[PDB]
Trainee: 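Here it is, the structure, as structure tokens.
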Protein chains: 2
Amino acid sequence: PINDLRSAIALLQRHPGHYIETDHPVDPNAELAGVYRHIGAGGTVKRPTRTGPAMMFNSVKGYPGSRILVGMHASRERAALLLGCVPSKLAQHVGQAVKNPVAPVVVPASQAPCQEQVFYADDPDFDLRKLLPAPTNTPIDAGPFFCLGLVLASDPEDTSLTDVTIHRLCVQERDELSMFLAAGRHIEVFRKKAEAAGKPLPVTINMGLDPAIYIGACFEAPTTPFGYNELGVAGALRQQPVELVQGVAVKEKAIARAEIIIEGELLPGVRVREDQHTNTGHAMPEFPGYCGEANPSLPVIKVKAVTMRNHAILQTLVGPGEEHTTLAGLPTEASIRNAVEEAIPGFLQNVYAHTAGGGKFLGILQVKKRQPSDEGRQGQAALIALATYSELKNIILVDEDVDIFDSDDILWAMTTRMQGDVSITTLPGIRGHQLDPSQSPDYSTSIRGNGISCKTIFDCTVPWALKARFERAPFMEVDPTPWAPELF
Amino acid sequence: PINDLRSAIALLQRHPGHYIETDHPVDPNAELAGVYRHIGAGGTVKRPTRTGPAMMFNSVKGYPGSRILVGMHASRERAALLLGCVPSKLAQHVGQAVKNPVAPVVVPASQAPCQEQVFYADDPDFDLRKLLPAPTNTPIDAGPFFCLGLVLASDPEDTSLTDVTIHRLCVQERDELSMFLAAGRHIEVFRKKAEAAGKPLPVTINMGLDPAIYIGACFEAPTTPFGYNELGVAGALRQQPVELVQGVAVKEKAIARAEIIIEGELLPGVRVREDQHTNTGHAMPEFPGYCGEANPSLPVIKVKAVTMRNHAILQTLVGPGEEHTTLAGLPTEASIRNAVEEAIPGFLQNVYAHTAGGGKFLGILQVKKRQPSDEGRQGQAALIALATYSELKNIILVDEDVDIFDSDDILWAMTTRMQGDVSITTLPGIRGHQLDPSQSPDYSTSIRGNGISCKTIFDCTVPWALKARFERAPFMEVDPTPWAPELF
Ligand SMILES: Cc1cc2c3c(c1C)C(C)(C)CC=[N+]3c1c([nH]c(=O)[nH]c1=O)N2C[C@H](O)[C@H](O)[C@H](O)COP(=O)(O)O
Ligand SMILES: Cc1cc2c3c(c1C)C(C)(C)CC=[N+]3c1c([nH]c(=O)[nH]c1=O)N2C[C@H](O)[C@H](O)[C@H](O)COP(=O)(O)O
Ligand SMILES: [Mn+2]
Ligand SMILES: [Mn+2]
Ligand code: NA
Ligand code: NA
């Protein structure tokens with residue numbers, strides 16, 4: 001029974017290979033990320049890299065008694081273990097979750113392990129920078145970062161509407177963090193209403209959570225539109241309302257079973273340059289694998305209190321690599337699968353928000369042509385995917401005999417089941433995503449501005465009429481165990 | 001020092017994970033290939049499959065005392081070990097060997113372990129089908145097959161011109177094998193000449209060899225033109241001439257340290273249907289991953305003698321999967337690397353004949369743009385690759401910060417470093433390869449006949465002017481070993 005991060009870790013230890021610890025000292029500045037890069041960062045991280053175990057650094061240089069956990073979500077198999085299904089059915093398992101959310105439930109403070117220790121910021125010696133080791137990913141980061149900070153805010157005019165979102169948080173002062181919100185972010189709608197009335201917006205930052213909470217929170221419109229508490233997707237994954245606690249210093253709720261809580265308020269009118277103390281010009285690595293630039297004008301969170309468990313674990317990520325692939329990719333897959341299943345029932349077999357696209361840019365669709373009229377529906381599925389998730393860039397379509405989670409098998413379909421002048425459709429001038437550096441007028445004359453792209457559909461499905469000629473060579477079905485028992 | 005198969009096996013046993021044995025009885029008909037499909041076939045083989053150890057089946061049902069080895073070359077890492085270099089530098093290492101061949105030498109029978117046993121076919125009790133297990137790959141194969149039969153033959157007008165090639169051989173009678181020779185093959189030139197004179201062509205079939213010999217043999221023109229004895233490549237790989245021996249019954253040389261040798265003659269005028277005894281309509285699986293159709297008219301080899309070591313190993317393959325990727329792909333890489341380095345010195349960093357194309361259809365070229373004039377040379381390198389290896393189909397160009405052996409990283413370059421209406425060039429109507437089933441007029445109206453293709457170049461290199469914007473997020477250089485010694 002997984003209710004929080006420690007129970008999640010306990011399960012990983014019953015599956016050797018998914019969790020390791022180290023007592024060898026590590027510097028949270030750059031060096032920690034440098035080590036996990038080789039061990040389990042994965043995703044779009046510059047090679048050498050791999051997926052591996054979730055990793056707990058127990059001796060943090062300069063922070064005795066702290067312990068930093070990274071890579072908890074940095075594997076599709078591990079995410080499947082933590083959620084209780086097989087990795088090939090996460091798209092369907094998460095898909096059914098978002099469409100049957102279970103609302104969270106408030107709990108008294110005596111049942112909130114997060115509040116076992118309280119450090120009020122009005123203490124003269126309080127210093128967030130000495131209190132928690134916020135690691136940096138690269139030596140050219142804007143500063144120390146919290147990268148798995150699940151921020152919880154609400155509409156200041158309608159308390160009933162609450163939104164939770166992961167945002168990168170840069171420690172800027174002893175009691176201040178900057179926070180980046182992209183255009184049209186759902187919490188930004190709350191802050192702008194607060195700022196326009198000259199009022200601060202109370203928020204809580206919740207770190208070190210049940211993996212179910214982080215994963216369920218990363219949906220986007222139109223799948224989870226404005227007004228959809230993303231809490232409850234977690235409630236559907238656990239068949240259990242996540243538990244909330246009333247904040248010890250702000251008029252806002254915090255997740256009771258979290259490891260560390262930061263209570264604060266978004267301040268009206270205030271803006272800071274994200275790299276003001278570093279002047280590196282960069283924020284931190286983005287999910288496509290490149291360095292994001294330092295945001296010149298960010299809102300500020302004024303910390304009112306920090307609240308944490310005894311021997312609190314600081315959970316964050318590195319890369320963001322495969323951890324981002326899982327958090328962003330499984331909502332992506334669930335959204336596409338739900339949409340195609342509504343429009344063409346029974347046709348789509350599976351979908352993979354490929355890690356090469358960070359879980360957002362590259363969609364692999366596995367279809368099954370069952371009848372002559374299914375020819376021509378593979379392109380329709382690609383259109384539905386592009387319509388459902390506008391930040392997609394490319395679609396690869398394959399049949400049910402291609403393993404869409406094996407990139408060699410994907411390239412195989414692109415080699416023997418495609419003709420370049422037949423199977424490739426380009427859609428110029430469609431808005432995509434700012435963080436793809438090839439989406440620039442400097443890359444293509446058909447691109448009118450940053451974050452606009454040509455989008456490409458690679459149809460690697462066998463034409464219906466030719467399917468009898470493209471059967472993969474069949475081998476006798478045997479049980480190989482007796483000839484190699486140790487290999488299982 | 002490796003000079004035959006068993007010295008190669010001895011090396012693999014010093015690197016655990018690369019060689020296993022089993023004494024559990026196995027049926028060479030279909031069952032053996034079915035087991036190794038799950039264990040080490042890899043490549044384009046129908047999932048589930050993987051690369052693993054080379055595997056020796058010590059108990060062969062119906063052939064007591066026989067033992068069959070498969071998968072010797074079914075791993076790029078295994079191949080680099082057997083050749084004595086790092087897998088990333090195989091293209092350079094094999095490339096230099098083909099440019100500096102070492103000619104084979106003749107030795108007396110006393111130094112030819114292949115001739116420890118001699119079985120003459122004119123014995124009334126001789127039966128090729130009882131003497132050696134010839135495993136099949138699928139239940140629908142044309143018949144028993146030898147899939148690592150390195151055929152050695154010479155020109156009937158000039159016996160100094162020797163060629164050596166792997167051809168698939170189906171056991172048809174107690175003393176006959178059918179042999180498929182594609183059009184334009186070098187040994188086929190010798191065969192057509194002998195048949196035009198109404199005379200047989202003496203051949204030796206050499207099975208169970210130094211991996212350097214099998215790999216070195218799989219070159220094609222123009223890299224190894226007609227007249228180039230490919231045994232010189234193996235000689236350069238070992239810095240030791242391959243040793244030849246006079247056959248016992250045919251006027252042709254045999255590989256002295258081979259495990260099994262079939263001496264025979266290609267009969268003039270005789271033709272046979274490959275599946276005459278099974279009528280399956282199929283031959284065996286082909287490297288693109290589909291089942292080939294039976295050939296209705298093949299020349300036959302009249303077996304004159306079989307010649308073996310004591311406790312001889314019969315070496316063959318399954319899939320052909322990753323074993324074919326290694327055997328065809330390493331010369332493909334070497335051929336391309338030599339051509340590009342001659343034309344554009346210093347530009348090409350590496351090349352991968354991707355396993356998704358069986359080592360023939362898909363070429364990944366890794367280039368490094370060093371100066372503004374290198375812009376536009378990435379497409380030139382693709383043209384050189386296409387001109388050097390006409391059976392290539394598609395080329396993917398990437399920069400030196402992309403791991404060309406990581407298919408995830410390849411798809412990443414295809415996602416963030418590619419614009420569909422900019423980076424994709426199609427070349428319709430270029431002769432490709434018959435065994436790509438999409439190279440058919442039924443797949444594309446620009447294809448005039450079977451084995452003609454559209455060939456496509458995916459330029460996923462960063463445009464020179466934009467290189468400062470496409471730097472991958474830099475993580476601090478650390479030695480990760482002290483934080484997880486067990487995983488290094
Ligand atoms: C998973 C994930 C999502 C990040 C993200 C990160 C991760 C790991 C970081 C921490 C590594 C770096 C940047 N993050 C930001 C981000 N969106 C944003 O506006 N600012 C961000 O700083 N996102 C994307 C955002 O969280 C998702 O798109 C949500 O679905 C948006 O939810 P919403 O529609 O309710 O606003
Ligand atoms: C590695 C390999 C190459 C095969 C091959 C196989 C393998 C494993 C088999 C055993 C799995 C089944 C088919 N094979 C044949 C073949 N060429 C051919 O003409 N007939 C064949 O049957 N080839 C290709 C041939 O070996 C290469 O193209 C040589 O480079 C041709 O050399 P050449 O120019 O000297 O004739
Ligand atoms: Mn939302
Ligand atoms: Mn030749
Ligand atoms: Na949200
Ligand atoms: Na040859």
Side-chain angles (χ1 to χ4, degrees), chain A residues 33-34 36-52 70-71 73-76 78-79 137-138 140-141 145 147-148 166 168 218 282-293 316-333 352-364 389 391-394 396 405-408 410-411 432-439 451 453, chain B residues 364 366 396 398-419 460-462 466-467 469-476:
Chain A
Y36 198 61
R37 173 259 190 98
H38 288 96
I39 297 191
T44 57
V45 167
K46 165 69 180 300
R47 271 75 180 135
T49 194
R50 56 185 281 264
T51 53
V70 295
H73 315 93
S75 149
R76 185 190 191 80
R78 157 150 71 261
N137 267 256
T138 73
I140 65 180
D141 280 4
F145 270 98
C147 296
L148 281 179
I166 292 91
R168 65 156 193 249
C218 288
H282 300 95
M284 61 163 289
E286 304 300 333
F287 70 89
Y290 304 98
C291 273
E293 79 173 60
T316 189
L317 48 73
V318 175
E322 186 79 23
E323 188 127 34
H324 181 280
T325 295
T326 305
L327 296 168
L330 318 176
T332 305
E333 291 166 15
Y352 175 33
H354 203 292
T355 197
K360 295 174 74 75
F361 288 172
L362 173 64
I364 320 295
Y389 203 82
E391 295 170 334
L392 274 166
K393 189 191 184 166
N394 296 327
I396 299 167
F405 304 103
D406 185 345
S407 281
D408 291 340
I410 297 179
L411 290 180
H433 197 296
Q434 293 288 344
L435 299 184
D436 175 355
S438 76
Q439 291 186 34
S453 192
Chain B
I364 323 290
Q366 195 194 52
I396 299 176
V398 302
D399 296 299
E400 74 280 13
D401 60 348
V402 173
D403 184 359
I404 67 179
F405 307 105
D406 190 332
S407 282
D408 287 354
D409 223 25
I410 293 171
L411 286 175
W412 173 82
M414 304 211 69
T415 303
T416 70
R417 291 180 176 181
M418 205 217 70
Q419 282 289 326
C460 307
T461 69
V462 182
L466 309 178
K467 278 169 77 64
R469 294 196 235 163
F470 283 76
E471 182 147 340
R472 310 187 67 167
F475 290 88
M476 168 177 163

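Side chains are part of it too, since the values below use all heavy atoms of this structure and drop only hydrogens, waters and symmetry mates. Note on naming: letters A, B, ... go to the chains in the order of the sequence lines (proteins, then strands), and numbering restarts at 1 for each one.
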Trainee: Check this for me, if you would: do A:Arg168 and A:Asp141 make a salt bridge, where the nitrogen-to-carboxylate-oxygen distance has to be below 4.0 angstrom?
Mentor: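 Looking at A:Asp141 together with A:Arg168, the answer is no, because their closest N to O distance does not fall below 4.0 Å.
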Trainee: Side chain to side chain contact (heavy atoms under 4.5 Å, CB included), that's the test. Do A:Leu327 and A:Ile166 meet it? Break it down for me.
Mentor: CA-CA 10 Å; A:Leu327 296 168; A:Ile166 292 91; 5.8 Å; no
Trainee: Are side-chain heavy atoms of B:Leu411 and A:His354 found at a separation under 4.5 Å?
Mentor: yes
Trainee: Verify the distance criterion only: is there a donor paired with an acceptor across the side chains of A:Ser438 and A:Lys393 at less than 3.5 Å?
Mentor: yes
Trainee: In Å, rounded to the nearest 0.5 Å, how long is the span from CD1 of A:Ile364 to CG of A:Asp406?
Mentor: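 Spacing of CD1 (A:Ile364) from CG (A:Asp406) equals 11.5 Å.
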Trainee: For the atom pair OG1 (A:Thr332) and CG (A:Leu392), what is the distance rounded to the nearest 0.5 Å?
Mentor: 7.0 Å
Trainee: Nearest heavy-atom pair of B:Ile404 and B:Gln366: which atoms, and what distance?
Mentor: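 It is CG2-CB, 3.6 Å.
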Trainee: I'd like to check the ring pair (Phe, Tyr, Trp, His ring centres under 6.0 Å) partners of A:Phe287; sequence neighbours left out, ordered by chain and number.
Mentor: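 Once residues adjacent in sequence are excluded, the partners of A:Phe287 under the ring pair (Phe, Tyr, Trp, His ring centres under 6.0 Å) criterion are A:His324, A:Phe361, A:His433.
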Trainee: Can you find a side-chain donor-acceptor pair between B:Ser407 and A:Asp408 that sits under 3.5 Å?
Mentor: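 Yes, because at least one side-chain N or O of B:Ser407 sits under 3.5 Å from a partner of the opposite role on A:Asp408.
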Trainee: For residues A:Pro285 and A:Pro320, determine if any side-chain heavy atom of one lies less than 4.5 Å from a side-chain heavy atom of the other.
Mentor: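 The answer is yes; the side chains approach within 4.5 Å.
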Trainee: Could you tell me whether B:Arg469 and A:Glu293 make a salt bridge, using a distance below 4.0 angstrom between a side-chain N and a carboxylate O?
Mentor: no
Trainee: Could you give the distance from CD (A:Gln439) to OG1 (B:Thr416), rounded to the nearest 0.5 Å?
Mentor: 10.5 Å
Trainee: Distance to the ring centre below 6.0 angstrom and angle to the axis at most 45 degrees; does that hold for B:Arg472 and B:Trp412?
Mentor: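 Positive - B:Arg472 is close enough to the ring of B:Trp412 and near enough to its axis.
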Trainee: Please walk me through it: do A:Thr49 and B:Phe475 pass side chain to side chain contact (heavy atoms under 4.5 Å, CB included)?
Mentor: CA-CA 11 Å; A:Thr49 194; B:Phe475 290 88; over 6 Å; no
Trainee: Considering non-hydrogen atoms only, spot the tightest contact between B:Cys460 and B:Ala413 and give its length.
Mentor: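 In terms of heavy atoms, the two residues are closest at CB-O, 3.5 Å.
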Trainee: At their closest point, which heavy atom of A:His282 faces which heavy atom of A:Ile140, and how far apart are they?
Mentor: CB-O, 3.3 Å
Trainee: Looking at every non-hydrogen atom in both residues, tell me the closest pair between A:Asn394 and B:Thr415 and how far apart they are.
Mentor: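 Heavy atoms of A:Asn394 and B:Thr415 come nearest at ND2-CA, 4.2 Å.
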Trainee: Side-chain donor-acceptor pair under 3.5 Å between A:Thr355 and A:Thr325, yes or no?
Mentor: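 The criterion, which ignores hydrogens and geometry beyond distance, is satisfied for A:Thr325 and A:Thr355.
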Trainee: Between B:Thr461 and B:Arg417, is there a side-chain heavy-atom distance shorter than 4.5 Å?
Mentor: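 The answer is no; the side chains never approach within 4.5 Å.
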Trainee: Using only heavy-atom distances, determine whether the side chains of A:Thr44 and A:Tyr290 contain a donor-acceptor pair under 3.5 Å.
Mentor: no
Trainee: Mind checking whether A:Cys291 and B:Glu471 have side chains closer than 4.5 Å, heavy atoms only?
Mentor: no
Trainee: Using the ring pair (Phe, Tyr, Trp, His ring centres under 6.0 Å) criterion, which residues pair with A:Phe405? Sequence neighbours excluded.
Mentor: A:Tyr352
Trainee: Please walk me through it: do A:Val45 and A:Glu322 pass side chain to side chain contact (heavy atoms under 4.5 Å, CB included)?
Mentor: CA-CA 8 Å; A:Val45 167; A:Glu322 186 79 23; over 6 Å; no
Trainee: Once rounded to the nearest 0.5 Å, what's the spacing between atom CZ of A:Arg37 and atom OG1 of A:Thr138?
Mentor: 12.0 Å
Trainee: Just wondering, do A:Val70 and A:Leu148 contact through their side chains at under 4.5 Å, heavy atoms?
Mentor: no
Trainee: Would a 4.5 Å heavy-atom cut-off, applied to side chains only, mark B:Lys467 and B:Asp399 as touching?
Mentor: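 Answer yes - side chains close enough.
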Trainee: Is the closest side-chain heavy-atom distance between A:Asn137 and A:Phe145 below 4.5 Å?
Mentor: no
Trainee: With sequence neighbours left out, write down each residue that passes side-chain contact (heavy atoms from CB on, under 4.5 Å) with A:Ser75, or none if nothing qualifies.
Mentor: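 Result, side-chain contact (heavy atoms from CB on, under 4.5 Å) vs A:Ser75: A:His18, A:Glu77, A:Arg78.
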Trainee: Atom CG in B:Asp401, atom CZ in A:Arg47: separation rounded to 0.5 Å?
Mentor: 11.0 Å
Trainee: First locate atom CD of A:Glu391, then atom NZ of A:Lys360, and finally report the distance between them rounded to the nearest 0.5 Å.
Mentor: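 Spacing of CD (A:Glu391) from NZ (A:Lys360) equals 4.0 Å.
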Trainee: Specify the closest pair of heavy atoms between A:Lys46 and B:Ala473, including all atoms of both residues, with the distance to one decimal.
Mentor: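 Looking at all heavy atoms of both residues, the closest pair is CB-O, 4.5 Å.
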